[PDB]
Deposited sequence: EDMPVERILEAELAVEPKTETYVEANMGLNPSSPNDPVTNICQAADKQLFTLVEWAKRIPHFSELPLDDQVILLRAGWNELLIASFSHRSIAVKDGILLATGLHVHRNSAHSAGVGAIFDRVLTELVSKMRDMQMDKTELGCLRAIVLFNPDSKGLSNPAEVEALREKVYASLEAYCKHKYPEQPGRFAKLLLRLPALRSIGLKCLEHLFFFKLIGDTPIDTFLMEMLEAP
């Protein structure tokens, strides 16, 4: 009852116009700052208590960033476009020892988004649904977060069916990429903790903070 897809699309358009791993980590740190600005532009997020805003972002940052560069990469051959303007080719990822997870991103996310021509409004809404994760531990008022999530998917469904009336299964198709996003995000986190453990690979301050306990 107050979650316009126009404000969500606006949030998306407002924040976005040699070792591939090192480049990926640098891009991630860069985008973490941008992610906070994005969240603030999502309706009602800023009205939640600071502690819950922190919880939601710490809980969803990895999936939020993955969804974003994956959609940005729909126009890329076999690779991804980093927010830094750098492209990471599949062969480069493979030659760096991270080909398996890279291939999952290309196959389960990028290719699927390109195939259904997921638009920016839809991406923004899926990210907003991820942001408003009621399962996040520590939330002072999980019911409030759940309420916001419901408002987002209610608006997204309305958007679909009205924009794509001929694709009745589109709304479900969008939501069904979330389990893949959750799995891939978890794997990417594992890689990050390993990079941090090994010592090699520079990890900037905001990215490092997100890897902080809990």
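- Missing from the model relative to the deposited sequence is only the stretch 18 to 34 (no C-alpha coordinates, numbering from 1).
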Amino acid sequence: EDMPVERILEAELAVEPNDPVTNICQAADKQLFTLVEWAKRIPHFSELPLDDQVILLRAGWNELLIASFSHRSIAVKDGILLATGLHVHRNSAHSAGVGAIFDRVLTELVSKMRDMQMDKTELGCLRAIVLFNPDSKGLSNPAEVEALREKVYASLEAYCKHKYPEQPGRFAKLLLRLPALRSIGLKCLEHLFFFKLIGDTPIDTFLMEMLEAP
From here on, numbers count along this sequence of modelled residues.
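- In the other compared entries of this protein that model both flanking residues, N23 has coordinates in every one, well short of a third left out.
- Taking the PDB entry as given, 149 to 157 carries the higher mean Cα B factor of the two stretches 179 to 187 and 149 to 157.
- When the C-alpha B-factors of 195 to 203 and 20 to 28 are averaged, 195 to 203 comes out higher.
- In this structure the maximum Cα B-factor among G138, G97, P134, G124 is found at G138.
- Per the deposited coordinates, the residue with the largest Cα temperature factor out of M118, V88, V105, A75 is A75.
- Placement of the Cα temperature factor of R58 within the chain: lowest third of the modelled residues, per the deposited record.
- Ranked within its chain, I42 lands in the middle third, by CA B factor from the PDB record.
- Per-chain ranking of the deposited C-alpha B factor places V110 in the lowest third.
- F171: CA B factor lies in the middle third for its chain, per the PDB record.
- When all modelled residues of the chain are sorted by CA temperature factor, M208 is found within the lowest third.
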